[PDB]
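K.L.:
Protein chains in written order, with PDB author numbering: chain C, 47 to 151, 153 to 264; chain V, 1 to 87; chain J, 5 to 166; chain X, 3 to 142; chain W, 2 to 27, 29 to 130.
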Amino acid sequence: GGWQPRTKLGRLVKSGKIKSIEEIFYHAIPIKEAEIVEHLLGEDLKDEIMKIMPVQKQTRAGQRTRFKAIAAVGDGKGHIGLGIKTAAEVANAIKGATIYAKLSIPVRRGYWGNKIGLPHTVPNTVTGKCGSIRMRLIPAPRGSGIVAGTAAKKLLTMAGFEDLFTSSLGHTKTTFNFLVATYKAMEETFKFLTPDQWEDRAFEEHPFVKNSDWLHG
Amino acid sequence: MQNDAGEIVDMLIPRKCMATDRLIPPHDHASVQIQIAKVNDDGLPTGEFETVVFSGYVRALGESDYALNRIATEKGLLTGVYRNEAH
Amino acid sequence: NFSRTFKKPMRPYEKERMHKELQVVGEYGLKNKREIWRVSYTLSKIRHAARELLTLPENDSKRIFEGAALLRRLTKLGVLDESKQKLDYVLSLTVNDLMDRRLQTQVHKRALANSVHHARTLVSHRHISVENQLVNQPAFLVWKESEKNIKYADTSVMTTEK
Amino acid sequence: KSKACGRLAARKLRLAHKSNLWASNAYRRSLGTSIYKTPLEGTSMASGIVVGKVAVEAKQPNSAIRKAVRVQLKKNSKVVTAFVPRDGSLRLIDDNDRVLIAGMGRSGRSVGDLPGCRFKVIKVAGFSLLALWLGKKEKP
Amino acid sequence: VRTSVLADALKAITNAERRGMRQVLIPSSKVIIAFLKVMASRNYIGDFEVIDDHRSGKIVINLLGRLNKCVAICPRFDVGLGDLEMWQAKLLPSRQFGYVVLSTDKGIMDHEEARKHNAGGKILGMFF
RNA sequence: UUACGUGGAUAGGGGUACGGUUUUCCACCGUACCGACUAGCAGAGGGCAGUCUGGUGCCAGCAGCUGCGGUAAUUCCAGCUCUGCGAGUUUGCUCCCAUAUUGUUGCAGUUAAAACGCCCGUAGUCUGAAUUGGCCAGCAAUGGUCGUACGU
RNA sequence: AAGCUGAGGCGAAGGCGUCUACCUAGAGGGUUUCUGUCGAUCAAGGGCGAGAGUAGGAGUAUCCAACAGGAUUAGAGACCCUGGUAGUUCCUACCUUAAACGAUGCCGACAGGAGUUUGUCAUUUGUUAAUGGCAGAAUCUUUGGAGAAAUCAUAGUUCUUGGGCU
């Protein structure tokens, strides 16, 4: 019969009461099911195993080996997610990490020089740092292509920036850090307060209290 | 943010905290959106609410209490409470 | 004196870059992978010139003379339409646009050759001319004005000799 | 912070920079010169007469005897060990021939398993080993 | 020792804006008063009160809450119009906002003013 | 199973004249007639296309680095297939980038290498506030008003 | 110079504990005294500098490098035991080093609560106390930021990179 929604949010989506990802993001609600994000962007988003790695706990019998793994969800319009997962099997790790990406999912965008049409780069330079690694995403003029490491480029393309500049620092072999600090950089793009998000608009209705009677009776 | 020939671009606008005035991102799940019932004189509800917002920064410190005093008395939902007295 | 027309790529054995460059060679019917890299390097001198112009003021003496002169030279080559003739659109453009203006490909569009490869053969064997002037060279770059004037040189096609 | 930043303070910055270059080992190696007292003499390729044939063996864990010839050089009249690549090849070289020597390709230092020697034999008798090993040229 | 004021004071204003205060207490001067005035024109700040004490002075800022950093760089580097559009690319994060306060011959004004007036000079810092 | 006896086409490499060409040859640029020999170099564990079959058995050897070889070699020595770049392509030494590992922009110094044992102190670098403005029309350049402070 | 003796005080650091008189220095507080930028940091250069060590006198109780025995051990040049001179104390010249350690250079600003505690002043009769001020000394924390992490109200305000010197 397909997935049965559990929790308040899945319930709205199965119902179809709320349409689009933005409504969820604006209200800052926890996405606790992957069956949500499969539904809303249910077309373009693609799984991409970034890498696998072996990992070794010592024990009294020698070396219980487990496989750590990354995947990365990427709609080409301005969304991204990233998840990591260990398991004993390789398939359980990958099919785990696919789900963890969806649980965590909007990348802000803007123009380099003049406002032209349809934005293609980070609004302002931003750096996300995980552990040793430092990632810097820099404003960049049109038709430059993206430049980074091929680890970072795959994730960036999913984000959808047409052209970008980059400046890595620290111990960039450690790829689980390097990809995360890229993901964390794109998280910081909405944090940075510009002149454009001045004014106050009216606060939108939070979609539980709006639909608080279809939910019950 | 604006395309400049015309139009408006970008999807979604983060709501802004009333205390601090910073942006509320997607993932700060400590963010809060209140409803407070405005009432007719003699305490009759009018079916019309004020929606007060806070970011997860302001709650984390302690101070989101004291903002609710300041913001409500500005809108006209309390008397006393804000401004004096200790001793 | 002299100059280096093509540049070698930064990293040799990247999968995505090599897999990209075959299906530019395949579509436009091309000899080597270096005959891309010159057209990449030709696109660089256009865009590096353009960007510097962009940084300058919107009124400066350098921008007015150069900006009009730059767009004039690209409207010849037939990359920019008159819709897009506004200086920022120079920072766009791909190798796929600039490859399309070459003689090989303009024969094909014309269809005289009948194939991308056939077009190369026609030009390399002295069959094709441009306004009564023979062109042995298979990368001419035609200026839209003269695109109409692509035609058989004479020999086997006109002469009919064995 | 941690340096002079002021407007007139360019003598302090320029002169302190000259000191800190002497910590850097590449500036130190170039400048000392310091390179002249070398068998190569700073030349990539050198030639001269073979003295004989020697078996020098690898360190660890690699158990193997490598076969490097002793060669007197032309210009210095020094002597130095020099590796002979490819299997056979020690048999191709002959006793008391002229040979062209070049570097191990490690920009100095000692390369693989093989300690001591920093030198490989490129040619013998004006021919080249690759041609000889492959056998598209000859020796009398 | 107080090496610089304009350098020092803009640190204290930034530490208020990170924290999210309503007002700040800065010894005052005539460059600090002009630096605050120029960012008041672009509406990054509220509106402030330069009080007397027959002394150096004090300022009480009123913060609007729309401001990320005030730098004040030193030493005070000379800059001249053709040379300037490097110092935009280094100092600011973006291209599309944030201004570079420099004391032109006419007075201290943004880069956007300074190129209009056609007068460069020594630079004080920035804001964004 | 669209690249692995047919079907015809079109060259220039080359050859032979003559016309141009140059002080003279050569070679070029033409014109006409003759026509069914032209690819290597470097690799195929990872950094950065085979777990093929055969020989070798910590031996020969490869290998910048990590590593391979002790009789089952995905790295040796050969064959076959495949890959790269292509009239080019490896190999030495010097040298710049990679390198914010020379740091003005722009590094680091509690424990990883790195804060003089402490105080005085000259050269050196650094040095709080203050001096002719306010007000109106602003889009600026500026132009008015308030203040008259009345020297050469 | 026991006990009093403590995450207590003073001193530039090294360091400083019985009591009395003597000469001497200064930090902090208070100040409707005076001067008016006289300042910050520092190559050279100058002094102070635990304990050991050296030279020459005066001491020589205790403890004690060396040394001498006695045990133990396969051996024991050691650990354990019994004796022991140089040193350990004072005075005059030296030496100039330590895990001389907060392994954290100096001056300046700002950024969070909480109660300890030392000095001193202020308003109160909660006067060997209560609340508050400057200056110290530590601490705690469900606070923010930083860091590779351990952790840190400074190791915070740093790819959102520039207060001043070594």
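Backbone N, C-alpha and C define an ideal beta-carbon position, used for all residues, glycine too.
(1) When you check each C-beta in the segment 51-78 of chain W against every C-beta of chain V, which residues fall closer than 8 Å?
(2) Starting from the Cα of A147 (chain C), find the closest Cα among C:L58, C:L202, C:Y158, C:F212 and give me that residue.
(3) Report the residues of the segment 73-95 of chain C with a CB closer than 9 Å to any CB of chain V, ordered along the chain.
(4) Exposed or buried, which one is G76 (chain V) when buried takes at least 16 other CB atoms within 10 Å?
(5) Check each candidate in C:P166, C:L149, C:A118 and name the one with the smallest Cα separation from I8 (chain V).
(6) Who are the Cβ neighbours of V56 (chain X) in its own chain at under 7 Å, not counting the five residues just before and after it?
(7) So that I know if they touch, is there some Cβ in chain W lying closer than 8 Å to that of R31 (chain X)?
(8) Compute every distance between the C-beta of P76 (chain C) and the non-hydrogen atoms of the ligand FMN, then say whether any falls below 7 Å.
(9) Which of the three DSSP states is assigned to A137 (chain C) in this structure?
(10) What separation, rounded to the nearest whole angstrom, lies between the Cα atoms of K124 (chain W) and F99 (chain W)?
(11) Alpha carbon to alpha carbon, how far is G264 (chain C) from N258 (chain C)?
(12) For a contact meaning CB atoms closer than 7 Å, what does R15 (chain V) contact in chain W?
(13) For chain W, find out if any of its Cβ atoms is closer than 8 Å to the Cβ of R16 (chain X); answer yes or no.
(14) Quick one: give me the first and last residue of the alpha helix (DSSP H) that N22 (chain X) is part of.
(15) Run down chain J in chain order and give the residues with a C-beta less than 8 Å from the C-beta of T197 (chain C).
(16) Is the Cβ-Cβ distance between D10 (chain V) and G56 (chain V) less than 8 Å?
(17) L149 (chain C) and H125 (chain C): beta carbons closer than 8 Å?
(18) Determine the direct distance from the alpha carbon of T53 (chain C) to that of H85 (chain C), and round the result to whole angstroms.
(19) Rounding to the nearest angstrom, what Cα-Cα distance links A66 (chain X) and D97 (chain X) in this structure?
(20) Tell me which residues of the segment 197-213 of chain C have at least one Cβ-Cβ distance to chain W shorter than 9 Å, keeping chain order.
(21) Could you tell me whether the Cβ of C7 (chain X) comes closer than 8 Å to any Cβ of chain W?
(22) Does DSSP put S91 (chain X) in a helix, a strand or coil?
(23) Could you check which residue in X:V52, X:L10, X:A12 has the C-alpha nearest to that of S79 (chain X)?
(24) Going by beta-carbon coordinates alone, are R9 (chain X) and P95 (chain W) separated by less than 8 Å?
(25) DSSP three-state call for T83 (chain X): helix, strand or coil?
(26) Counting contacts by CB-CB distance shorter than 8 Å, is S64 (chain V) in contact with chain C?
(27) Exposed or buried, which one is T111 (chain C) when buried takes at least 16 other CB atoms within 10 Å?
(28) Spatial neighbours of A115 (chain C) within its chain, please: C-beta separation below 6 Å, excluding the five flanking residues on both sides.
(29) I'd like to know if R38 (chain J) contacts chain C, where contact means its C-beta is closer than 8 Å to some C-beta of that chain.
(30) Please state whether the Cβ-Cβ distance between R183 (chain C) and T213 (chain C) is less than 8 Å.
(31) Mind checking the segment 229-260 of chain C against chain W and listing, in chain order, the residues whose C-beta falls within less than 9 Å of any C-beta there?
(32) Report, in whole angstroms, the separation of the C-beta atoms of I34 (chain V) and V52 (chain V), which I expect to be a contact under 8 Å.
(33) So within the segment 4-73 of chain V, which uninterrupted beta strand (DSSP E) runs reach at least 3 residues, ignoring any that extend past its ends?
(34) Please identify the residue among C:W49, C:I180, C:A199 whose C-alpha is closest to the C-alpha of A80 (chain C).
(35) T172 (chain C) versus chain W: which residues are under 9 Å apart at the beta carbon?
(36) Under 8 Å, do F71 (chain C) and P26 (chain V) count as touching if we go by C-beta distance?
P.N.:
So, to answer that:
(1) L66, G67, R68
(2) C:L202
(3) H73, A74, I75, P76
(4) exposed
(5) C:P166
(6) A70, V71, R72, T83
(7) no
(8) Of ligands this structure carries none, so the ligand FMN is not represented either.
(9) helix
(10) 21 Å
(11) 10 Å
(12) Here the premise fails: no neighbours, minimum Cβ distance about 14 Å.
(13) no
(14) 12-23
(15) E18, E20
(16) no
(17) no
(18) 16 Å
(19) 23 Å
(20) none
(21) yes
(22) coil
(23) X:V52
(24) no
(25) strand
(26) no
(27) exposed
(28) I98, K131, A139, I140, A143
(29) no
(30) yes
(31) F239, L240, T241, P242, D243, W245
(32) 4 Å
(33) 36-40, 44-50
(34) C:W49
(35) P95, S96
(36) yes
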